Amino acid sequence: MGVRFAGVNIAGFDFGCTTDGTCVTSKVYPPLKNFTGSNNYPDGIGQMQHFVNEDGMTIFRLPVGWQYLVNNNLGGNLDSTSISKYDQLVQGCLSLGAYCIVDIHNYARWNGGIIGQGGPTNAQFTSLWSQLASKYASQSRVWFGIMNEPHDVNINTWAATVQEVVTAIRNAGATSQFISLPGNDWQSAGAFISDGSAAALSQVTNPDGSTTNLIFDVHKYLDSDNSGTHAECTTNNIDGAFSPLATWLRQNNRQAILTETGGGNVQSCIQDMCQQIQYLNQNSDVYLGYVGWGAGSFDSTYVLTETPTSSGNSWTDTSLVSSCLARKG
C-alpha cells in the first residue's frame, strides 16, 4: 500500500559543495551534534530517531563531499578522521533499522573536471567506491549512491564509469546491497528516458550478468524550473515525469528510487507534493521509495527545510513533512 522506503536527506557533510564538483572541505557543517566537542552542531542522529519513531520513515540519504572523504587526496586512501566522523552518521542511521544511502555529492566532477572525461580517471573514482564497499560489505542496509546529479556529461562514457563502479563495489564483497544508477540532466526524472540515460544505464550489470539490486536513481523538484530553489510548487510531476517513467520501468521489470524531492512549506506544495507521493505509492511495484530534501544541518530559514524542531524533548515537523512525507498511519 505504498513505496517501500520513505525518508529524508540529512545534509551537512556536503555543505561547501558546488555544482562544478568543487567541495571546499573547510566548509562542511556535519549534522553530528558533537562533531567538534562544542556539542552544538546540528543533531542529525536525533532527527533520524524522530523520523523513524514518529514519522514511520525507513530510509535516510547522507550526502557527503568526495573531497571530504579522502581529505582532498584524489585517488588516495579514505582519510581516517573523515571516514570515522562520517561513519558515525551512517551507523546512527543503520542503528534505527533504516536503510542508509551514502551519497557522493559531486555532480560527476572533481573541482570542475568530469570523471572519466577530462577530470579524474575512472580508476581514481572506483578507488573511492572500492574502499567504501570494503568498509560496508557486511552491512546490507547501506545503499551505494554512486553520484549526485551528473550533468552535461557524455552519457555513454558515464555509463561505462558507472559500470566500473558497480564492478568495484561487488568485487570488494558488497554483494547484498542496493546500488544507485544515476543519469544525466541532474538526475531529472523528466529527462531520464529522453536524454538516453535510461537506455545507457540499463546495460550496467553485476559481475554475474544480473541487474539485481541495481536501482535507477532519479531526482525531481516541483517548482517552475525544476531547481528546488523556490518555495512555491507548480506541478505534481505525474504527466511530465513519473507516469511515463512508471510505464518504462514496468515494461522493463526494473525499479527506481526518487532520492531528492521537496518544496516550500506552503499550500501549493502541500497539494502538489501529496499528489506526487500518492502517485508513487500507487506505483510501488516500480518505485522503491522517495527521499525529501532536506533536513540535517539545514535550519528553519532554508526554503526547502524539512528539519524538525526540538522543544523540550519533543520534535515538531515542518508542514510539508508532517502533511506529505511522514507516514504516521
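Counting begins at 1, following the sequence as shown.
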- Query: Which has the higher mean CA temperature factor in the PDB entry, 15-23 or 305-313?
  - Reply: 305-313
- Query: Comparing 130-138 with 212-220, which has the greater mean CA B-factor as deposited?
  - Reply: 130-138
- When the CA B-factors of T259, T175, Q124, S202 are compared as recorded in the entry, which is the largest? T175
- Message: Maximum C-alpha temperature factor per the entry, among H230, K85, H105, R254, belongs to which one?
- Response: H230
- Message: Can you tell me whether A326 has a C-alpha B-factor in the lowest, middle or highest third compared with the other modelled residues of the same chain?
- Response: highest
- Query: Which third of the chain holds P120 when residues are ordered by C-alpha B factor: lowest, middle or highest?
  - Reply: middle
- Item | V266 - which third its CA temperature factor falls in, relative to the rest of the chain | highest
- Chain thirds of CA B-factor: placement of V153: lowest
- Lowest, middle or highest third: where is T247 by C-alpha B factor in its chain? highest
